[PDB]
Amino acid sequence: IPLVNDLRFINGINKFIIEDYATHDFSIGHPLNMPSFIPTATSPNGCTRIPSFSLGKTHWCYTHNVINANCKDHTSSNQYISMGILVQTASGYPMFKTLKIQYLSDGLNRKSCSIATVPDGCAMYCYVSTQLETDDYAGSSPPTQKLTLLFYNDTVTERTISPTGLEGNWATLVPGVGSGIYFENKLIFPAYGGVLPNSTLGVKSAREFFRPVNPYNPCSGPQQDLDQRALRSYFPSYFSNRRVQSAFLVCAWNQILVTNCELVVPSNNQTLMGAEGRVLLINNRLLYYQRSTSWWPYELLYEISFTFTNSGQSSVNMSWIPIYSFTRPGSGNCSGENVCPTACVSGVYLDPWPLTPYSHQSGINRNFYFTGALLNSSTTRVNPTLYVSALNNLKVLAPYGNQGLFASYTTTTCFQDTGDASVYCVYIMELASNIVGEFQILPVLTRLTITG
């Protein structure tokens, strides 16, 4: 059995589904039933969390974390990894057929793992956690960074890596949880951590800040005061006042067995405080989702491009897509109602799937649409809701479950059946279950109907 999706999906993956630059109305279909490819816990109080999912052209890759005790405890953890294909069922829609499983269970607490689809298998970037995250940021040396390659021929290889730029500049670095991407002989993962303010990187970027403004809901104050507050928001005392920074782990695939990879650090003039994220490749255009862990509560998606120069002088440029639609839940001064620059470590991972390009060869598409699963609360991780969103407003909403259902991380991927033109979106959501532990991670497949 080849590691190849059904042919009707191969040319409908990682494509912009709506290329009209025109206005559209949307209807989200009912969940389509199949045997879930994501295993639940087998105990009422075991922790199962942190999904990472990538649908590649020929196969998909998936991973999440399993703890025998509650989520907050951190002695031991295990990492479930699987790869598989899309297969059409007689019910009229595809199912995710698992072809290989790896359960990393060796006493190493691999955490925040991000998965990527690579030729003949999967690649996974983790860090080994031995202490509290706050202890990581208070420290002076990053935790162990691991790169795991899992192939269809049942070969599994794992290496400790020390990417160029890490040592001397960072207190800590972890993967971005959201999936990475394989693109032009490069393996690219999202990452984030704490930069030592007095280091080389810290000094160069000391004055960098980005302050998005919702013109419909502006923050009160003079420009200079708001800018100073936005700059200070990058150094939360919760993380020992390090500069919390997003970054990209970039590895040369042709040297994947020996390279140490390299950290490509964006300018903080173009991005908010470091956080979880996801790297997408759609129509050969790279995008970066950034979790709204900082004060800005709206959905963060950037158009990004890399400049690769021979000797570790790689750079990345990012261009914020101006989105003002819905807010993510947060605590205290960092709820979905706050739009003012303050020191925030809050929010929740809720990534989007863009249905349309934003920047194209002809210009900029104001009729931008994206879809995903949100949490309908300004303060609480509750009420999972499927949505399609425009730049400024929501187009359609479809709750999952009853009001009051607790839920957390969500990651969404859409693809098209080029046989019958069906548009499918899978909404992978951490959902609170009455019988298994914190979060049955449920992959909800729906058909998306698009009209004028």
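All residue numbers refer to positions in the sequence shown, first residue = 1.
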Please work out which of 63-71 and 416-424 has the higher mean CA B-factor as recorded in the PDB entry. 63-71
Report the stretch with the higher mean CA temperature factor, choosing between 345-353 and 224-232 on the basis of the entry. 224-232
Of the options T117, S114, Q145, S141, which has the highest CA B factor as deposited? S141
From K100, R366, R291, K97, pick the one with the largest CA B-factor in the entry? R366
Taking the chain's C-alpha temperature factors as the reference, tell me which third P218 falls into: lowest, middle or highest. highest
Determine, from the deposited record, the chain-internal third of the Cα B-factor for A407: lowest, middle or highest. lowest
By the recorded C-alpha temperature factor, relative to the other modelled residues in its chain, which third is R328 in? lowest
Against its chain's modelled residues, does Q440's Cα B factor rank lowest, middle or highest third? lowest
Chain-relative C-alpha B factor for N434 (record values, thirds): the middle
